[PDB]
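Heads up, the thing below is written out as structure tokens.
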Amino acid sequence: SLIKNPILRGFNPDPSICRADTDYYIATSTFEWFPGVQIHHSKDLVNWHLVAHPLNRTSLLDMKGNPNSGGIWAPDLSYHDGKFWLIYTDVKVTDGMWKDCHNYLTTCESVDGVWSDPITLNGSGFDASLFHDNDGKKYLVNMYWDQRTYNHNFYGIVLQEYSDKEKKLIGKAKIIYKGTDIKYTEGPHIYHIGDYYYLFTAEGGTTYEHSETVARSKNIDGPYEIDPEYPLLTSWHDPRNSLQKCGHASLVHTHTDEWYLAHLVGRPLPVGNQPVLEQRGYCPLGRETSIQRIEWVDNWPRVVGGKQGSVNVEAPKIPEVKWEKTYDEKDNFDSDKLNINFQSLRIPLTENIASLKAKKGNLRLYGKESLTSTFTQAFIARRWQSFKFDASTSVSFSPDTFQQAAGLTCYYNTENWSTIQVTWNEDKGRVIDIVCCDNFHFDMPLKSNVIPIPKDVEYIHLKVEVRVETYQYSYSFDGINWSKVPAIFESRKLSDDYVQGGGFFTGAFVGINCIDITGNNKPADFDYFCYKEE
Amino acid sequence: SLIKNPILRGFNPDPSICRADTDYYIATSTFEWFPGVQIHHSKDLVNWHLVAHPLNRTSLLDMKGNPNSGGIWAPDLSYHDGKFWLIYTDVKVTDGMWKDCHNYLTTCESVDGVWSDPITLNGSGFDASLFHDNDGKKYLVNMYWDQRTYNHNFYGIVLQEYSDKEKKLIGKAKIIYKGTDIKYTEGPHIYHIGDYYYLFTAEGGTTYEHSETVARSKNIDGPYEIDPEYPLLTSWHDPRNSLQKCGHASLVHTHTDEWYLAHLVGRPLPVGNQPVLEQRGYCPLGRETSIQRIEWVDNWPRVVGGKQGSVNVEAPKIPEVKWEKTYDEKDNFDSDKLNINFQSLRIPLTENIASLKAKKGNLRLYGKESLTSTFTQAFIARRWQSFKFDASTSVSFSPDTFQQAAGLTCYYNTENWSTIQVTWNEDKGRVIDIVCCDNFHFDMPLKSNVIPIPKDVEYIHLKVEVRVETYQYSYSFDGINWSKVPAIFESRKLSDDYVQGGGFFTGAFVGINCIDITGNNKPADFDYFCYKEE
Amino acid sequence: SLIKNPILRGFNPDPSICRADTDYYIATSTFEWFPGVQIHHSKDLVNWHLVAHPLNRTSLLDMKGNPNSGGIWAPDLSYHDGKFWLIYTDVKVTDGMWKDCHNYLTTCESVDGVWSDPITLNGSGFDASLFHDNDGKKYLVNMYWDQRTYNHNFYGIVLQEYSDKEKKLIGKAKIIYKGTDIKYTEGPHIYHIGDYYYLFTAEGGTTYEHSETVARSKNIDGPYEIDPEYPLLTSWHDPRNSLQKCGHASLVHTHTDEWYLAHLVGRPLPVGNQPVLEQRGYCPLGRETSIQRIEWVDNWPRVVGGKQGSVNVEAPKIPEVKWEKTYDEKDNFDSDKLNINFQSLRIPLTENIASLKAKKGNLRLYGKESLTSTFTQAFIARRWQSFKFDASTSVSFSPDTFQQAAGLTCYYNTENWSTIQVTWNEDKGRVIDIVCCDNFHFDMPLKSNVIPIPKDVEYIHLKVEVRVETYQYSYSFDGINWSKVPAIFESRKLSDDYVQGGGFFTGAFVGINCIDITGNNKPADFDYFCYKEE
Ligand SMILES: [Ca+2]
Ligand SMILES: [Ca+2]
Ligand SMILES: [Ca+2]
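Here is the structure:
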């Protein structure tokens, strides 16, 4: 039938699409969220399911203390010589005149297997991508960073041979391409198709000015000619399109000899009765992945349906394979494996932080550092993947100080979040309370009007109802009757477009956490986690 | 004989003084600078020498990724049962509603020995201090942090028994004191002298409003009565005093039965013809350590000469012992022990970052991340310890891209520094250039007028002349004749008082670094480092 | 009965005290509020009443378009040769490197009479003051402004002879005094007492650093020796004193041969459990006037009871004379003279803006510009003179567009106010709504929850209840039953200490206004204005 974009919803940027015989994979960036690199699978490009996170051990990925929207930027997944190859970037500095980062290569016979110890590559820029040429040679391309303050930082595309035999980059690196006048030249992928090397790049920056352009050359070294009809993909000029920020693309040639282009987009909340060119939108689901049909004209790729990118796209000629949901709407924590849709911040969880074993049918979180910490948070979360949903939990917790809190949280980064918590007060004992951070402005809007929790309540039920432009928390002591808490939040405030700083690259999550400042590691028992889209 | 304050000059805050027989030691905080905790020694309290940094391995101190002015906050050094005890704090969050941190205990027979594996304490607040009572019991006191947004964060002082036998805190923790109306109640120390437990606290915050106050109780638990003459120590009311920010003190009873008080101070640059109450001063030497003489009146300690603190103080009745200087004014790097006055950022130096062995008579730095990175900088530095000095070095470096640079740097934190570098330009090849960052605003003021370096120059000499309110760099190709580079910098911009953010707790350094963004680890060889105070 | 400071409450800064035989007057500055210069009168210094505003016509005072806290700065009232002399300053630029202003002289045989057409003086600084020497010569003193960006702006005090015969300043102006290291040298007054000319000056700026110092000379010309014990007056060093910002004084010698010192103060709102040195306070009543006793020691004046100034001060040896209240708690607008405690912004009211004749027993305000206009507002208001009070009104108004609004307002300046309004909405007709501006951040907190007004309600009753740290509006359709509108405001946000910008010199007002953007001048009739302190 039809592909319906986005195919990968909520936080799923920088799609790297990869064909392995008749299997299709997209790797997306995960930034500070662990484990690293989401890999989704499809047989038909219409239906997708989340199946792996290769970077799942400290030896592959060490992001303790990483800044928000540092860590895993755009990943590159390829398949060649009977194995998968993953190029990844760990970004350590996300703002200023430098973007210190490190690029690595790991491999694996399957995407869900145990990936090899990483090979050190370079760090001259992010967006490293591995090209396997048909003569058996291999090359890394990446953007080359120019820190000089009076220059634009995006110096062009650097190319260097990689040797699998020597496990290193070899020979000299060369700038092969400088990009167009749109600039922000990044995301390089090379494809050798017929008589040309095609160099695909993202341009314009990952905002509403995002695009993809194609250039081509008879030789890998260039010089590359820019498509006369550049860009290939962009909706910058069309503020009304459902898909915005169209860029950072990768190309696949299906086994059915068809051509598809994966790319990221943003889908703004309704902007309302406001100037359409000035207010391009807020995107709480972050950067999602969409896919377009490609046709060839005069040996240049072209986006079918127009460069703005379409929502409803002609599917390839492949019999459909639908997938079961990869989570239960109500997760009862009856398995010793945490659901693949849950991630934690920066580091691998250990039994000292989170346990499914300590108490059957519960997730026990042992309190760690606050919601503001870039080190160790006892906190697991999953993506908002719709503008309307309910998420909920119930938690058993016995705090005896305000330094202890456990609850349900909507979270973007360390200075942009809100939460409803079970905590403690000197005069009222156990209470429900609300805390939030709006671009590093902190508030507790209930003040003294916290809600006392009766001593005989074992599990406090906590719910968030996300309703497009706003959301609100509720609680229940019996799991049947719910009371609203009078604090209404704006969803746009958990968006790429609202958050401050050089790194604005993830999206809204909802999850559950336990804070214990005292160092006593107080446990909170969560009986379940629900997430139901409407 | 006179104690001439400050006794520990340049960045040396939060002094914890400790007597072991006739040896006196002061520990000061080091924040992100590694190895952690400076220990100075003295026989006479007049003459001090730097002798140790106990926190010198990752198992003791792991600050990779730590924020500026996180890491080691005020330390606590004591001597008892024939060994030294060091309480220390690794702060992970330096701003906002929380101050996530962790307290640890380590021990050693000597201050310059190999300190034992750390014992885990608590994290309810920083400023942890270990009190050894005369009945063989031991207690930890620290500040208790209240995150609640409508409350002052400084909830008071918490007390908990510590068991050496069990290697842990035991029993219940209790708040014992809430502080005065000055607030910012921190730096708790308990001394059991005669019939009272005395609780010393720092209050007012470590700015110009800093003070020390004393409270006393017949029991360790309280309740504590406050000195009717509080504070014990402060120069807030006297903006003309040479010593400012007088607070965070510790008390020593000398072996001669006299009483002295170590505390931190700031010494402002000249304020010039400006309102003396308004412009209290900028302190590029950070917070330094001074000592006051204490006398007793009605069982309360009192600072001799006035609570504002005196810059010169009558020394105890102990014959003078002077110490050899701990560095050479010209360090020729002919030894394979990096001088004790050099520190590096956050992590232990390895042979892959810095080497004295690779080339005899040289410090080789293998290029790592930029001056804005909280991860791995190939950068070693020493404190500004005077308002007027020269420092210089000479460097052999062959950069082939603007992503490589090595040079001489004045540095406060990742967003406050300036540097003169040997680097490369497309058109002129190897050149001398200036880069700076002023509260995260970057500049390269030479623009195109960078200084070409002749191909036959092996070592480029670089120098900074610091002259109280301004400093300026110059360079030499022969080691004798110098040319000034026309960028004049303001010393006040590398001061606690000027830098933005919640962590402003270090001081100006001067050092040498090598940046290589490419990942090639290009070596720079430094033939010497000179530091000479005028 | 004691003098109970402040003697002039609410916004009443820069007291210039003046004796005329056995009558005592104090002139205070009015900035943008018209008519200009308040004059209060007393027989006994204990009891004061408001009696005049000299600057009540455009030819004396034209402030159309003046910036906030521009206009009438400190005035100077004297009595010599059987008449009153008023020096006043019209400030046109309140921030940046200049303080463009103009000084004038007017005279009158009585404070409440018709003052003479102004004589043009100079513009070299504000705080001009007319000194009448005992030999018939007269002199103007003022501060002399230095705009140079690398200098403190306060160059010192300039002296120049003023000729009543020629109606101008004659001879050369000369700098006679440079001030102390406190700087912000301003507010010069000269008194020839015995063998000395005493020059009193304000220093430190009109914040918590405010003070007064005294210097003396045998000649009017200097050189002036500064009091060894300076300052004469300040509470800077005592953050707990009820009177703060003590400075900008004037000295009076009573007919009973006693000496008193009028000066401004701020009285902060309770600061709560917050650091007392850091949070010195917010003053919604602006700068008020107090009076101290002076005694003489070694021919230097000294404040009786300490430099900090006392709240309750011993009265002079003059029989008590108490005054009638100068307004009715409930003003029914039955007189055709608007009460003396009402002022308007910048310009004289005319019949086209406000009328008491149009409809007897009502104030009719004919709609003009918005609350953000520095030109023409149909808005009359009176000072907050206590931290606790109720003010109310009732209004008849038939808006037919959201461009029309009439109501009750708490107001500091064009970008700091709030109001409850009768206005109009497309779907609901006449409604009550809330508007506020917080340092130029505008909000309408009710959003869609406006309150419909029944068509049959003629007068809508509007009230504010000010209760120390907060205040809140209510309305009543029957004048008996009031309902609170759910929007709580912070009184601290209508204070000198909160408002942003270079001019922060007035204080909180409450009044009534009518806005009609359409240009149709729609009338709003107000039946009464109530102000009741408790
Ligand atoms: Ca369960
Ligand atoms: Ca050497
Ligand atoms: Ca009336």
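Chains as they are written, first to last, in the entry's author numbering: chain B, 2 to 535; chain A, 2 to 535; chain C, 2 to 535. Backbone N, C-alpha and C define an ideal beta-carbon position, used for all residues, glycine too.
Cβ neighbours of A:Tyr163 within its own chain (closer than 8 Å, five residues either side excluded): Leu106, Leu122, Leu131, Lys139, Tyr140, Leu141, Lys169, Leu170, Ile171.
Under the rule that a run must span 4 or more residues, no alpha helix (DSSP H) segment is found entirely inside the region 251-281 of chain A. Listed in chain order, the positions of the region 83-98 of chain B with a beta carbon within less than 9 Å of a beta carbon of chain A are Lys93, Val94, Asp96, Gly97, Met98.
Shown in chain order are the residues whose CB sits closer than 7 Å to a heavy atom of ligand 1: B:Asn333, B:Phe334, B:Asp335, B:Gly362, B:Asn363, B:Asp528, B:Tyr529. B:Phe85: member of the beta strand (DSSP E) spanning 84-92, first to last residue. Judged by DSSP secondary structure, B:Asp439 falls within the beta strand (DSSP E) whose first and last residues are 430-439. When 7 Å is used as the limit between beta carbons, A:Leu278 is near these residues of chain C: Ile183, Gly205, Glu210, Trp237, in chain order. Three or more pairs of CB atoms, one per stretch, sit closer than 8 Å, so the region 242-251 of chain C contacts the region 260-274 of chain C. If one requires a minimum length of 3 residues, the beta strand (DSSP E) runs lying completely within the region 317-354 of chain A are 344-346, in chain order. Counting only residues of its own chain and dropping the five nearest sequence neighbours on each side, C:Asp128 has a CB closer than 6 Å to the CB of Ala75, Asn143, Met144, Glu187, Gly188. When 8 Å is used as the limit between beta carbons, A:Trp146 is near these residues of chain B: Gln404, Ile518, in chain order. Residue-level contact by beta carbon fails for B:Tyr163 and chain A, as no gap is shorter than 9 Å.
When secondary structure is reduced to three states using DSSP, C:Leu495 falls in the helix class. One Cα belongs to C:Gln245, the other to B:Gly71, and the distance between them is close to 49 Å.
In chain order, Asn152, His153, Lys184 make up the part of chain A whose C-beta sits under 8 Å from the C-beta of C:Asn274. When Cβ-Cβ separations below 9 Å define contact, C:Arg149 makes no contact with chain A. Contact between B:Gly512 and B:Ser395 fails: their C-beta atoms lie close to 14 Å from each other, not under 8 Å. By the rule that beta-carbons nearer than 9 Å mark a contact, A:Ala174 touches chain B.
Per DSSP, reduced to three states, the secondary structure at B:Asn57 is coil, with no helix or strand assignment. Ranking B:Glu259, B:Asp239, B:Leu234 by CA distance to the CA of B:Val277 puts B:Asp239 first. Residue-level contact check: B:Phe441 touches chain A, since one or more beta carbons of chain A fall below 9 Å from its beta carbon. Between B:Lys331 and the set B:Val500, B:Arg288, B:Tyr532, the nearest pair of CA atoms involves B:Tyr532. The continuous beta strand (DSSP E) containing C:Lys175 extends over residues 175-178. Contact check for C:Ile227 against C:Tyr198 fails: the beta carbons are separated by 9 Å or more.
Straight through space, the alpha carbons of C:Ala359 and C:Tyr367 are spaced by roughly 11 Å.
Along the region 340-358 of chain A, none of the residues has a CB nearer than 7 Å to a CB of chain B. Within the model, the alpha-carbon separation for B:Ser212 versus B:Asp136 is close to 31 Å. DSSP places B:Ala359 in no beta strand (DSSP E); its state is neither H nor E. For B:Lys65, the chain A residues whose C-beta falls within less than 9 Å of its own C-beta are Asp63, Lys65, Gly66, listed in chain order. For the region 423-447 of chain B, residues whose beta-carbon sits nearer than 7 Å to a beta-carbon of chain A comprise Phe441, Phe443, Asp444, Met445. Cβ neighbours of B:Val322 within its own chain (closer than 7 Å, five residues either side excluded): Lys44, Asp45, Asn48. The beta carbon of B:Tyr529 sits closer than 7 Å to the beta carbons of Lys331, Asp332, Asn333, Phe334, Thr394, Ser395 from its chain, once the five residues preceding and following it are set aside; these are given in chain order.
Shown here, B:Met144 sits in a strand according to DSSP, grouped into three states. The beta-carbon of B:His190 is placed no less than 9 Å from the nearest beta-carbon of chain A. At least one CB of chain A lies nearer than 9 Å to the CB of C:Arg241.
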